[PDB]
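Only one structure is covered here, and it is reproduced in the block below.
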There are 2 protein chains.
Amino acid sequence: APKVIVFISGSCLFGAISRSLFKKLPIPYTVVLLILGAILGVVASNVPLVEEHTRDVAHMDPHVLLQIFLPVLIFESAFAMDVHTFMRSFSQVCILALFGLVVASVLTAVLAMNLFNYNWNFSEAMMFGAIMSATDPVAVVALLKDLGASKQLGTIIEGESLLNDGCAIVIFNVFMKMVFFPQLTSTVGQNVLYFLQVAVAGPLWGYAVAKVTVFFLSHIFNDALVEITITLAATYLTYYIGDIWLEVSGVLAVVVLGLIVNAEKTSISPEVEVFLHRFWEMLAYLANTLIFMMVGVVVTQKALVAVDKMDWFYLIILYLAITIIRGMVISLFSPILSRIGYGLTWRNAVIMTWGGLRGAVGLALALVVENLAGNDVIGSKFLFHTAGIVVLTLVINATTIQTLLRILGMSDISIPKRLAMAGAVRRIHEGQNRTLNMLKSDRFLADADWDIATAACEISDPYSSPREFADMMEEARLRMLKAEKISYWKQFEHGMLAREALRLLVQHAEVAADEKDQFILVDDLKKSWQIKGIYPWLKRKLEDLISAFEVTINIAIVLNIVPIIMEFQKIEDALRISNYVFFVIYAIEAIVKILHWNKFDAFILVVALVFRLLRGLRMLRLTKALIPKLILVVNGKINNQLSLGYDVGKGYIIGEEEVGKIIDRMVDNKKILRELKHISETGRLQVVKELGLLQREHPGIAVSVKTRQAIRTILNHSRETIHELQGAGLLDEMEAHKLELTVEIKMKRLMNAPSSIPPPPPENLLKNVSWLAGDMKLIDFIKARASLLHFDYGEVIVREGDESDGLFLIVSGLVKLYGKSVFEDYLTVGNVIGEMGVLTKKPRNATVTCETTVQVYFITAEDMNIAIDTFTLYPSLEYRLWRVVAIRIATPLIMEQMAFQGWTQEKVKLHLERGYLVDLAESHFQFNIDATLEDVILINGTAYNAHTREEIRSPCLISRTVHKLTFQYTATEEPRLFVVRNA
Amino acid sequence: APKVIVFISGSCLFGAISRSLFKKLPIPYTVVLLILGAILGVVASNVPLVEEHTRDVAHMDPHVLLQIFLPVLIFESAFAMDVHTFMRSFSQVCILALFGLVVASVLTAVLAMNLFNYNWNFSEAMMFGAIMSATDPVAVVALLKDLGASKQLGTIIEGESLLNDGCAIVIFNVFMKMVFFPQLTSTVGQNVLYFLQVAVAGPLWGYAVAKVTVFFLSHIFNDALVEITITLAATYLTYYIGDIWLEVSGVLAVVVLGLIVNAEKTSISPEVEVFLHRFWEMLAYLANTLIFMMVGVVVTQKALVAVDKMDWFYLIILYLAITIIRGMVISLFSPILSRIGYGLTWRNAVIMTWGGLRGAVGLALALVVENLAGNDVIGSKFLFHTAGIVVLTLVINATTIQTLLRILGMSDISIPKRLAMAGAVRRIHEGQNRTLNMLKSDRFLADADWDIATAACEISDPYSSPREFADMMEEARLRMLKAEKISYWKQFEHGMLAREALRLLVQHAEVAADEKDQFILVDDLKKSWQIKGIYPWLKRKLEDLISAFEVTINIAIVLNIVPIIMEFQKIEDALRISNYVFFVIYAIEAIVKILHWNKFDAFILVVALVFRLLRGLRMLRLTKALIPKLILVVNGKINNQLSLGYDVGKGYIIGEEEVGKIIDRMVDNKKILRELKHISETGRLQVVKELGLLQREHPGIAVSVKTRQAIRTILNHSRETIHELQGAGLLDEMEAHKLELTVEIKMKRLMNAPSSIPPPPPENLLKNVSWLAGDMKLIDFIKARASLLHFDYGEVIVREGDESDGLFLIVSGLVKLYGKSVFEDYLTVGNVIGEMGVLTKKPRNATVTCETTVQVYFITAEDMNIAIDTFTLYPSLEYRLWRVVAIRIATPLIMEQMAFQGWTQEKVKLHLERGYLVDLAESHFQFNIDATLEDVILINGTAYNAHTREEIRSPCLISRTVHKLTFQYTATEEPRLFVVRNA
């Protein structure tokens, strides 16, 4: 009969009761869990049955207590972080946590020695300070999360808490081997080797097991339980093998493992991510509840028999002293912390000083000191002071941190958030009134009690002259920035932006909204796609270094790796039969060099002819095998930075297009309109130029991230198609679940894609043109009459005023399109110049000047004309070319007229892509607009409408007023019309 | 140093490796986990370090092994049931599991005594049979789940497995106290008391703790961790208290607790539902992996030192015999099982015989026999035979159950499922082609490697004359049944149907598609809303039984409940001071009866004046206190049955309306069309009449379920409005998450609603009319000139041909509307008759005849005319009345023209509710349709269109061809127009 089940389940129900009954009160549930543990402990001191239960559970071995409870708490603290904000402010967190922890430990140690009546030496006092300085704020982290601004302060506090806990348990372990378990003597070399081993091989072992865990998690599909199991078992084996089998600091290993697993969260399937977050939260809640209950039981059973009034006075003065010590540490590190890019203000310094809640980590360290001291009074004093100051910090610091956050002014709700929430509440109320008015006129629910329904459905508000020229200029500036933030959020919710690209764009917009007259600039956005660092230099020097028999030699080296460990008995079996006869004399000298890299192999073979030779040969083979894996790793890091830079640039370009489309309704002054459009177009042109040059710098990695984004977009739209087939009732839940399972497996395989897809040849770029597509005869015709031309920097390719003489399929480099439509654009690889010129036979619109070395395909005008005259199938080349250019000319019109209905540009292009050009030669050059046509766009030519009421002669969306188009026929027009037919 | 962490995490990694590498192979991962446990055991027997690890973990105490691993497996088995399909087929599952288990146990016991060379008596042989007959199929259950038809066979197998495992551990525990731990001697009375205690107080204790857990889970909002903590702690404490503190069968308690918690899933939040399902799946996977690893270790360490060739021969012959025994048990219970409504076929009998996979439950029972036997050989033989039969059943039965499901014909994909999946694959393929054609013409992704993208995005197919008059009649019948199934799914997906109502309607349509010429009938659907049973009789007898001082007397009885337990020392403190002086002489005889229910209290007081008296008084007060709680429980059960019946009624009515709307396109023959519409209208009228009578039978419970449905609908549309504020970017993620948190809290509070809302007075029904709404002066006007009339059965309220004389707000009863529009309809409480007649001054359309006793309000025509003439505010009574009747005439037109775009009737009504009647007296009696009007519906009057091209003179949706309406004015028309303006 395991009474551990009784104590664990009773602690679970006591924690559930403490959580449920104490929601409205500001007092935490952990201190009342400590109180309930105190009553259970004195009941156990009276009653012998409860004595048996809490004796076999609460009087637990210290090593099993650490090994069970510390990995869960440390991994949840590392896994609950926003790791990107943690890594952006790694410097402040790191220097504050480590240096403030060590100086607070020394200050608490000398405070204990010069204050406490016990004759503690410096080692026990430093153990006391190591327990003392470990802070676990969770209520403060949640409070700073949900009160809006100063969001980075919460991440600073949480990361500082994680590193404070980790290195506090590290220095606690160092001084606990200094005091309790050994008292050995060693030299300075062994001491510095032990310090090196702990402080370095902690994070290195954690990084190694985290890399193995991430690699194994990335290759697992369609079973969640394996992923959850690997996460839990990897955490527990990391801590156990590091702490026991090695002398590695196991706490830092779990810190690094949790930070890496939270960093590479894309290797896990999203439902498993949600499960893992809630599961580790539940595990840490169980660990905290068990630790607090057992701390209360043992502190009222064993540690409360030696306390005195002097001990209580020491506890009060110690609490005041450690609060003052943390405040002085923060104040004396304030200049160096302010020299980093997120300088702490005095309000944030006060919040970090007062937000130092002690918790279960320090309680567990006091538990293992109390159990390690035995019958000595030092563990009793340790446990009493730690438990009392956890009580004091919890009560006073939680209640006054709510009060003090209210007092400082960091708890106020901002005016745009108030307006947005009030508008959302207004929209909710009109929707509820509309639903009530519909349901009152329902033939089945006509007699529901409507006062009870109206009382149950009430979503209340949770928050309850040249001078005016500058005023409208500023108001238009904030309105532009707000509209850009709405555009960024609209991009994110439609599966376009990444999460980090959203975050960087909205922080840049919120910073730009705070100064006097600046917008979201380009220079502060350049740092997202700044690839420059050690990574491109590594990539180029390793590519310069490189530039089935080899697999057999690598397999032989992998097999001969183990005799190195064997040699480092029949003289070790004749030295493994002379190392397999020198590995069959280096496989007959690599088959006589297959009948500098080979020179090193020849030198190694000469050394073998003349154990260290085996080590040199094995290390040279390992280097020659592991160099391309290092190339793949560097390519992956550049891919990871390049994806974030590309997504930030794409989000800025698309958002500037949205805010330029919706600028006509919002601002009303013409001068402010023209100025804001000028800054918008300047930023858009500069960002598209930088993205083109960044594409040119690394071609293969850019092709890889573009392919990855294309596969993600296609699989997202397949997911929406599966959802809309489910939602229309055509597919049941099980079959749609099977198809969603297939697309999720495909996305997980897309995550582990090659990070450097090699760039296609110009023939492969010529084959994959949109208006070419299939039709292999026409592809062969175009490839037979193609013409690859090479242009250097600065050479003008096309003039603005000359006749349309051919196409330009850009297969290399970046061009610039100066045009007096002033139309400026930077086209890039894969774009075709002059399709409208070669279709409409009109003299050209823009001149094209190279910005780098540009290779293009010159498909001539005569070849294209006889290509139109040659291929006239049901999909004709004329129809495909006019369809491509018709989509291109009709996207800004439907974008302009119906961006007010909340449609993005991508949804506009998907709505346009279902359309078709109509055959005007069929229906006697007149087309009627019945109810089946949704959006009808004229592309080229002149039109007369209805009973010839007026004429339309422009690229324009034909309005609802017009019923019938009649089409005039002359030369040099041959009009086109694009329709969309009713979903 | 806990080596349990090493063995648990190592078993977790080995189970993860065994799951990952063995996905494609049909051999299960549990048998290769047993193999890995065998290798770990032999290297444990060689190496002393692995000997230490597997010694301190695998050689575990039996009681703690049961108490840890059995609750998790039993609770996941009970929680993974579809409990509704389990409850529909409870009879076959219960008699098959119980009686087949006991007769298979006796057959295996006499098989062991008459076969095995060991001199086993009947108690040890019945222990062997109890271990042998416990089956745990999971692979067969999943295989039957994904393979289409015979869905009920998987639920039969799963429920039979759950009850088989539970009662098998029960009889195993009975015979394990018969053999091992005691050998005591007792009488027949104590034996039947022990049997009664186990077999009755198991499920009763499980029901009690399950009811407490469901009650505590229902009152918990806005935390998940509390809910999973309560679930896990309730499971473990139920098993521990039942097995240890009582002699209750703890396995049956966890079975009943899991079945009730899975039955009352609506008390848990849906995210916590998903987390709890995946969490208990993960826990049982960990338990299975640990059990199989430790079984392999102890089998190859201890159980394989006594094996012989005779033991192996006994193992194969025992496996053949127990397969034959299970088949014989199934075949000899086949007639009684066939007499129940889901009769087993020979194919299902063969699948159930061959699907008997032994597993971790029997492995754990053999583990505790082996550890309980000690150095005796009986535990070694037990563990060898059990582990060998688990290996044999796993390998042979899993591979041959796959090939046997293929052979028998139950794995064949049906033709409608094949057509739907192939059509869905075609929609995915055109959507992918459309997205590719869009992305090829993107200015940023123009150079992705498109062959790799097209290769990565391929969602392939997983499944690779009077005679012809009857042919089209049958084809139209299956086409209606398919379209009705589509409508039922569409109703479920928009948050209208319940899950069980979906399942019942779909199963009834699938049954109706199988016979010759039957449709989804009304009589087989009548059993969904058959309230009749013991519950209405209980409700009426308790309501006949009933028909702050009482709280003080109840508190006094609750305080004096404890001296009953004290009396059942100073003579028990003078008998608790004469039972607090007879509870202050029954509180001064209830304050002298406040200066039969009181007669019993007077008799109890006279008895107390003259311990058993105290017991009688306390039991009488307990009866009088918990009578109304019993009526609330009965009301809750009737509400739960009534909600399912009502939801099936609404689903059938709405789906028949959809399939009557879409019958014009589908069915092309006119005679088939008219006949099929006649059957649809007959079913619709019969179901609406039965629902009206069912509303009349229980008024308050019907008002409660209508209020609950109304609150659910309003909160669902508020959730959609929050989501559409999320997608439009007006609200960020945290603010919308706060609003979604509020609406989820409101739905959880809606779940614990009062089960019988009392019916409102007729004044309250008169106040909550849709065209009245607010306007308290108008409410007072109508109430002052209302007239309540009472009509009995059969009396005609309204003639067909007489003049329109007033309104009829039905506040009681059910009416019938015979009309020659043949229009037949049953109106109920809350509907208004004659609004169109009193607005347009026409003679009436239908005659109204009472079907029960009907109370109505006569708002006369003259009073309504002066109400029109009196109130002429900006919302006028004329505008509100015409808006209500305009919605009522305009929903079938908008539903008819635009149901082909996949809009339900509710979305049509919400689209119509945004509209407004235009003031036709303003714009010179002519209205121009610009692009801002979406749908324009004429309501009354005659109309001329555009340049007077034609005339429209009916209720009709004005088409896209019309540009301008000009309106003629004359007496007795005064036309109305309803518009909807652009979202």
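As shown in the structure tokens, the chain order sets the letters A, B, ...; within each chain, residues go from 1, and ligands are also counted from 1 in the order they appear.
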Exercise for review: Per DSSP on the backbone, filter segment 275-492 of chain A down to the residues in helix (DSSP H, G or I) and report them as a PyMOL selection string.
Suggested key: chain A and resi 275-301+303-305+309-332+334-338+346-354+360-373+377-408+415-439+450-456+466-492
Point to revise | Pick from A:448, A:294, A:779, A:838, whichever lies nearest to chain B using only C-alpha atoms | key: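 Closest to chain B of all the choices is A:448.
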Study note, to complete from the structure: Pairwise distance, atom CA of residue 208 of chain A with atom CA of residue 255 of chain A, equals 12.6 Å
Exercise for review: May I ask for the distance between atom CA of residue 133 of chain B and atom CA of residue 107 of chain B, given in Å to one decimal place?
Suggested key: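 Between atom CA of residue 133 of chain B and atom CA of residue 107 of chain B the gap works out to 10.1 Å.
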